Amino acid sequence: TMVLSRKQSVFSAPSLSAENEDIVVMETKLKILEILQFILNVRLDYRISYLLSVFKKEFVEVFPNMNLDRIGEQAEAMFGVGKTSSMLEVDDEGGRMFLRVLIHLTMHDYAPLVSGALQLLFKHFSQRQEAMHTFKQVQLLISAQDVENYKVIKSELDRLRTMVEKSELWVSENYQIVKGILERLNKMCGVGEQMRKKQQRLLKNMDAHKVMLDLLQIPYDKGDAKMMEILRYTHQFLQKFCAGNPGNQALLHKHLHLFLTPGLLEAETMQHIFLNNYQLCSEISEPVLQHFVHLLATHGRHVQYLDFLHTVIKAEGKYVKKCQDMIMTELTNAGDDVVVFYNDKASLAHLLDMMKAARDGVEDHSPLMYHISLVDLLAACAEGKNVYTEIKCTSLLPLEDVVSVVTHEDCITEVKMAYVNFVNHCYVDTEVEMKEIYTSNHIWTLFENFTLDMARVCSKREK
Amino acid sequence: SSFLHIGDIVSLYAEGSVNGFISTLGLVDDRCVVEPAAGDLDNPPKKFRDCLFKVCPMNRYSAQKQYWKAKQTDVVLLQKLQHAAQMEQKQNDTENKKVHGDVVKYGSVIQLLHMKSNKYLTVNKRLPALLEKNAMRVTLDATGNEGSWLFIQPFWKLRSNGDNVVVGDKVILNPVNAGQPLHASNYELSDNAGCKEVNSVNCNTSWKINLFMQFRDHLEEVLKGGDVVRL
Amino acid sequence: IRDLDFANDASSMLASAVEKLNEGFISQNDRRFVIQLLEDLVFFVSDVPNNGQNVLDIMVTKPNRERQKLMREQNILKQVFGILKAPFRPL
Amino acid sequence: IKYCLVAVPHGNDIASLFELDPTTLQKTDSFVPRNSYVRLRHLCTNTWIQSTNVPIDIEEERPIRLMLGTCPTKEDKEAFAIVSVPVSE
Amino acid sequence: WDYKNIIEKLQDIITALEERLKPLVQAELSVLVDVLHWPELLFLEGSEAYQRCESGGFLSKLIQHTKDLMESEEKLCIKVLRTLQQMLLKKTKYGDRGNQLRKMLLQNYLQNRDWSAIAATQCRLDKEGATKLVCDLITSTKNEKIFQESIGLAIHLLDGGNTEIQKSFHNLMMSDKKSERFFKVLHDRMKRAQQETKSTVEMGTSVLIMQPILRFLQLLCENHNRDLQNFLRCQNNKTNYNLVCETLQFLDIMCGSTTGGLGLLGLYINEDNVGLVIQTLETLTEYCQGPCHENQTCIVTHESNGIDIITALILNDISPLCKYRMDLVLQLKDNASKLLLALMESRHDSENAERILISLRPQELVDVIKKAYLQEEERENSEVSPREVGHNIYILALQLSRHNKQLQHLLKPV
């Protein structure tokens, strides 16, 4: 009669993101060691509670500076240095008996018994480090609503992590639960701005991004049509996990190599990671831009890559000269597949034909939208009084084509704005003289068109 | 029957989506194509000298690539890079001469030198194919680069890595960097009728190696088939 | 033999370019290829390495009679004259 | 599929004769090395062996028996490895 | 009560406590090390437990169980290895408060009661079975952290050129059947480091792991241990993994190979890898010295032509690094000169001399010697004397002159 039922690892440090003849004697000693470990965990919890209580006392008495010296004295006094923590000791000889017991048990044949003895021995001389780690992991809440949110988030994350660790049976009952968990997390994470920040901090503390990335890393077939929605919600969760949080942006950028795969959803995640983060935009490495240009060339012409390139150029107002120069150099190398322009007569006719269908509004993801985004990107690559990008892009789009496309009667405001911004940043606002702008009768036609547009605005407003 | 050796002049016959030899459009166009109507094994194309390649060993292009990058983007540095590139070219020539005549084993790296243009066949993973947008471009480069490295892998289960390549065998030419074996696509060029594109993409295409001249016989002191002479 | 083959290919491509110019419309990529072929022919006739030196300014010590004869016999000069004539006889 | 490989009770007839063709260069027709890939030819019909995808036990839920035959032509991939079995086994 | 203010105060107190409690943690770890050193003092002198602890049974059991638990308790194995490394280290002070805590803990627990001490501790650990533990862990483990800890423990054991530890390592390699696996793992890691270095040319772990491995090999071959020097080149096994050639290949790749040796050496060497290059040169010198004719011949005649890189290290001057940091360049040149002397110690033949002279031209060598002599002004705040480096180079030139007439003529003063 001996059931060797082993539960979860007893000799494991708590974390927020969770044959022998004398077999009877060995098992009894092992269970005693497990009980001792449980008691030590309870003592650690008591120490954390004492630290929290003293911190709250100091806070209330200081704010109806803080005495960090007294705080440190009280925090040090609990680790057996004095008699203040004597009652917390699990021995009447200052730990001598406990240490002797651990040493004696370490010299036993029973391997798990020796392992537990060693675990306890090593934890004995690391109380302060363990206490500091646990206190760092502590989460402070003010409302029962916050407590309930923490509980539900922890339960959902635990279930999702368990499913991901065993994602072999569904890659039918493991799809509905996963999608529901992802939808609930996405709905709950985003509220206002203060709640958004608190949720982001809590999720960073409990390491939800790790589980989210593990969910994406699972191998899968090319076509499923069901887990695609799961991944679509997973990416949305990460996108919301980065809004206005440079810390989360850096955390997810540490794993940037996971998002360097051909796809459109990953482009949005990269854009959100690099959005309004100068520290990352100015230090962006060559391979990221190389990969995006390669995707533009080979995979296809899509607006997501252009949006990422545009958002990387400018961060926090300041423009990145390195990014501008590299983007222009890499875009000009590839032509007719990435940098598509309509300058020939036939190309202009095709442009007018396709734009005539956008009279009621440019269709999203359309080739016209791609062309507008490309022109805007080229203009933004030269909004620094640069001498290289400006002259490089002056050749791609001659001023004659700009004026022809702008003065045409069937021209839309979006393309008109794009071309005007291009001819402003790349031609006018330059640190070097351009013969064509001034010694030619081109900008005057644009000025006449501007006057006509002003008259049109006047008439429309009067109407 | 005989084994394949470094320096032998051979022809490659494609058996995939289309059947035919691999040729070139000229010395000014860097596109490799296959023309099924040109001929078959029993009736080779009339202009068969355009379908001949020389088996060459691996070549180093690190210094050359560094020099090219330096040119793209100081005088002493450029001079040192040029000298290093020239020394690397000399070392490659010496190594090729040393390893001339060595047997070819499956899993090794070889380079295919089109003789008529004297150009190495290269695969560019950074550029898509002109017609098959999902594939990678294959061209001819005079100098060559790391894209010319091709693993010769066994197409038959009876052949294994490390075994000597036998003449007349069907193999797979897998670019080292691109990683996708050469494919004779069914797309037809809009300018050259009857010519199909050669690209780099996953497929089951196989290349049969037909011996044309041995390395020992490839010496410039004897009369040989295909030599241009005046009477 | 390779020089002769290159001369023939260049003559054929220049003839195609002349025919396109006579038709009236030439694509930008075709124009770039024509310019590249013209530079290649300049270097081929000059018989000097392409070390990045300006193509329009090349000094030749000893002209290559074989290259000149190849040009004349394969009619590259005829295609050059055609390229010089066609654009000016609207385009 | 013109001819089908079968088993006959008696091996004293002429239909039970086969010849081996190497799949690689051999030392001037020396002894046959152990663990070799060879192509089998039927002496009488002068036909080479092939294996077809037509099952023989289609009636079963999971057919595993694959049919074989001979054809006048030769296929360079239809080779059999002769794996030696230990005398101890 | 503001949530943001409360969070900020919590962060401040956490940072203060973390900064203040570190020396106490260090003192507690030191007390644990002392307890491991002397476990028997916790038992009565006449007790069988006391006798077993004094005989070393406790440490032997810990070492034996570490191998068994490495499969599951990787963290426990890492902690045990780190504790052994600390035991194999000298004493350290952790401030007045740390010393007070350590004294109090030592009084509470152990109520009763130097290079020689380090050697004695190393011998004790070897007797208990530390060497076999590290060998088995390196051979069978799959965790990078465990591999690093085992390498560090081996380095600590072999520190000071302990002849007994070297003998134990050699005996274990000869007897145990997994020595082939050990050498295969070492060769694979060296090849992967070379591949990553060539690809990148921040330093990756694959290239940072080279430094401890090179130090371990140097310590193995210290004191001119002919047995280990020859064993590292060729073993008595079915498959032999030569490490000298791999080290030479790594040096050549990191220095730039032919491109580096053709005058572009400075570009491939910076302040981040100069230490690793120096360690590689020291390891090669340790291999060559003794002298070891086979190792010298292999290094000189290896197809990688690393001898050209070695000669370039003395001939050419690293343009970028030398401008702002000359001590590192001087140390590198001194190491290169020592390596060349190690290669040309007692070779009565001429093949090595001719091979070296192919790259090291006489006139350039004389010019380098003169420059080293005249660069004494750079000795300011430097440990390596340019004059001494030039003297070593001159000795090398004299030794080479036995086979070159031009160098002999050039070396004669006015």
Side-chain angles (χ1 to χ4, degrees), chain A residues 156-157 160-161 163-164 167 170-171 174-176 178-190 196 199-200 203 208-245 248-277 280-281 284-285 287-312 338 363-367 369-370 373-374 377, chain B residues 133-134:
Chain A
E156 292 177 352
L157 292 175
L160 200 147
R161 190 196 312 270
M163 285 185 171
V164 169
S167 63
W170 56 277
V171 185
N174 299 23
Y175 295 91
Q176 314 93 337
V178 174
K179 64 169 62 61
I181 291 165
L182 291 179
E183 183 178 1
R184 264 141 52 182
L185 289 172
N186 282 266
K187 290 177 175 295
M188 182 282 304
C189 179
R196 165 62 67 80
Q199 293 283 347
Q200 288 176 343
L203 294 169
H209 60 281
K210 299 288 187 175
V211 174
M212 223 51 51
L213 297 167
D214 283 66
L215 177 56
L216 304 177
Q217 288 183 48
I218 66 183
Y220 58 100
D221 188 70
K222 304 299 182 180
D224 298 329
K226 297 283 97 174
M227 175 270 291
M228 184 58 183
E229 188 67 7
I230 301 179
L231 246 65
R232 194 275 224 281
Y233 282 116
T234 309
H235 281 286
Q236 289 186 257
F237 183 92
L238 294 174
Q239 293 174 9
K240 273 189 285 291
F241 185 75
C242 311
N245 193 313
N248 293 342
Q249 290 177 349
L251 288 169
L252 287 166
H253 169 72
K254 288 172 181 177
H255 312 153
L256 198 70
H257 57 63
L258 290 169
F259 303 101
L260 300 181
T261 308
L264 301 180
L265 275 166
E266 304 181 1
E268 303 179 4
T269 304
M270 300 276 290
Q271 171 180 354
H272 288 127
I273 291 165
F274 284 88
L275 181 142
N276 206 274
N277 193 333
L280 279 54
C281 288
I284 187 175
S285 61
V288 182
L289 295 172
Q290 266 63 344
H291 168 65
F292 273 91
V293 173
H294 304 163
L295 284 173
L296 271 168
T298 68
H299 198 68
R301 294 184 288 92
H302 295 146
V303 189
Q304 290 72 17
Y305 313 112
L306 293 179
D307 297 357
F308 172 86
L309 295 169
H310 194 176
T311 207
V312 170
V338 177
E363 300 178 355
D364 187 3
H365 302 342
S366 61
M369 186 67 262
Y370 174 89
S373 301
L374 178 64
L377 177 61
Chain B
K133 302 289 152 57
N134 51 312

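Reminder, nothing fancy here: chain letters follow the sequence lines and each chain counts from 1. For the numbers below, each heavy atom of this structure counts, side chains included, while hydrogens, waters and symmetry mates do not.
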Enquirer: Run A:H209 and A:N248 through side-chain contact (heavy atoms from CB on, under 4.5 Å) and show every step you take.
Expert: CA-CA 9 Å; A:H209 60 281; A:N248 293 342; over 6 Å; no

Enquirer: Evaluate the criterion side-chain contact (heavy atoms from CB on, under 4.5 Å) for residue pair A:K210 and A:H255; output intermediate values, then yes/no.
Expert: CA-CA 10 Å; A:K210 299 288 187 175; A:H255 312 153; 3.5 Å; yes

Enquirer: Assess the residue pair A:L215 and A:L182 against the criterion (side-chain contact (heavy atoms from CB on, under 4.5 Å)); give the C-alpha distance rounded to whole Å, side-chain angles, the decisive distance to 0.1 Å, and a yes or no.
Expert: CA-CA 11 Å; A:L215 177 56; A:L182 291 179; 4.0 Å; yes

Enquirer: Are A:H272 and A:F241 near enough that their ring centres are under 6.0 Å apart?
Expert: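 When the ring centroids of A:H272 and A:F241 are compared, they turn out to be at least 6.0 Å apart.
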
Enquirer: Say you draw a straight line from CG of A:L280 to NE2 of A:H253; how long is it, rounded to the nearest 0.5 Å?
Expert: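 NE2 of A:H253 is found 4.5 Å from CG of A:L280.
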
Enquirer: Any sub-3.5 Å donor-acceptor pair from A:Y175's side-chain atoms to A:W170's backbone N or O?
Expert: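 Answer holds: yes.
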
Enquirer: Hey, could you give me the CD1/NZ distance between A:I273 and A:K254, rounded to the nearest 0.5 Å?
Expert: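 Rounded to the nearest 0.5 Å, the CD1-NZ separation comes out at 13.0 Å.
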
Enquirer: So which heavy atom on A:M163 is nearest to which on A:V178, and how close?
Expert: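 Of all heavy-atom pairs spanning A:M163 and A:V178, the closest is SD-CG2, 3.4 Å.
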
Enquirer: Do NZ/NE/NH1/NH2 and the carboxylate oxygens of A:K179 and A:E229 come within less than 4.0 Å?
Expert: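 Here A:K179 does not pair with A:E229 in a salt bridge, since their nearest N and O are not under 4.0 Å apart.
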
Enquirer: Count the heavy atoms belonging to other residues, nucleotides or ligands that lie under 6.0 Å from CZ of A:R232, then report whether that count exceeds 12.
Expert: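 Counting neighbours around CZ of A:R232, 12 or fewer heavy atoms of other residues, nucleotides or ligands fall under 6.0 Å, so no.
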
Enquirer: Show your working on side-chain hydrogen bond (donor to acceptor under 3.5 Å, both in side chains) between A:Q249 and A:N277 and close with a plain yes or no.
Expert: CA-CA 8 Å; A:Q249 290 177 349; A:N277 193 333; 2.7 Å; yes

Enquirer: Measuring only between side-chain heavy atoms, which start at C-beta, is A:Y305 closer than 4.5 Å to A:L377?
Expert: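 When only atoms from C-beta onward are counted, A:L377 and A:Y305 do not touch, as no gap falls below 4.5 Å.
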
Enquirer: Flag the pair A:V211 / A:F237 as yes when at least one side-chain heavy-atom distance between them is below 4.5 Å, and no otherwise.
Expert: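 Side-chain contact under 4.5 Å: no.
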
Enquirer: Any idea which heavy atoms bring A:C281 and A:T311 closest together, and the distance?
Expert: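 Smallest interatomic distance, heavy atoms only, reads SG-O, 4.1 Å.
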
Enquirer: Which pair of heavy atoms, one from A:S167 and one from A:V164, lies closest together, and at what distance?
Expert: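 Closest heavy-atom pair between A:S167 and A:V164: OG-O, 2.9 Å.
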
Enquirer: With rounding to the nearest 0.5 Å, note down the distance linking CE in A:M212 to CG in A:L203.
Expert: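 Rounded to the nearest 0.5 Å, the CE-CG separation comes to 8.0 Å.
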
Enquirer: Mind listing the closest non-hydrogen atom pair of A:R301 and A:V338 along with its distance?
Expert: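 Closest pair (atom of A:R301, atom of A:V338, distance): CD-O, 4.5 Å.
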
Enquirer: Are any of the side-chain heavy atoms of A:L252 and A:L213 separated by less than 4.5 Å?
Expert: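 A side-chain contact exists here, since the closest heavy-atom pair is under 4.5 Å.
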
Enquirer: Could you grab the distance from atom CG of A:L216 to atom CD1 of A:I230, nearest 0.5 Å is fine?
Expert: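 If I round to the nearest 0.5 Å, the distance is 11.0 Å.
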
Enquirer: Nearest 0.5 Å, please: how far is OH in A:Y233 from NZ in A:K187?
Expert: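 Interatomic distance, A:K187 NZ to A:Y233 OH, rounded to 0.5 Å: 7.0 Å.
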
Enquirer: Please list every donor-acceptor pair under 3.5 Å in which a side-chain atom of residues 263-270 of chain A meets a protein atom from a residue at least two apart or in another chain.
Expert:
unit_1	atom_1	unit_2	atom_2	d
A:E266	OE1	A:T261	N	3.1
A:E268	OE1	A:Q239	NE2	3.3
A:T269	OG1	A:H235	ND1	3.3
A:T269	OG1	A:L265	O	3.4

Enquirer: Please check if any side-chain donor atom of A:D307 sits under 3.5 Å from a side-chain acceptor atom of A:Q271, or the reverse.
Expert: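 Side-chain D/A pair, A:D307 to A:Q271: absent.
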
Enquirer: In residues 291-300 of chain A, what donor-acceptor pairs under 3.5 Å come from side-chain atoms, sequence neighbours left out?
Expert:
unit_1	atom_1	unit_2	atom_2	d
A:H294	ND1	A:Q290	O	3.1
A:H294	NE2	A:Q290	O	3.2
A:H294	NE2	B:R126	NE	3.1
A:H294	NE2	B:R126	NH1	2.8
A:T298	OG1	A:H294	O	2.9

Enquirer: Would one find more than 12 heavy atoms of other residues, nucleotides or ligands at under 6.0 Å from atom CE of A:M228?
Expert: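 Open.
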
Enquirer: Find out whether A:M369 and A:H365 are in side-chain contact, i.e. whether some heavy atom of one side chain is under 4.5 Å from a heavy atom of the other.
Expert: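 Side-chain contact under 4.5 Å: no.
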
Enquirer: Rounded to the nearest 0.5 Å, what separates atom OH in A:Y220 from atom CG in A:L231?
Expert: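 Here the rounded value is 6.5 Å.
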
Enquirer: Do any N or O atoms from the side chain of A:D221 and from the backbone of A:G223 form a donor-acceptor pair under 3.5 angstrom?
Expert: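 The answer is yes, because a donor-acceptor pair under 3.5 Å joins these two groups.
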
Enquirer: State, yes or no, whether a side-chain contact exists between A:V288 and A:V312 at a heavy-atom distance under 4.5 Å.
Expert: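 Of all side-chain heavy-atom pairs linking A:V312 with A:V288, none is under 4.5 Å.
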
Enquirer: Considering all heavy atoms of both residues, which atom of A:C242 and which atom of A:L238 are nearest to each other, and what is their separation?
Expert: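 Answer, listing the atom of A:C242 first, then A:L238: SG-O, 3.0 Å.
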
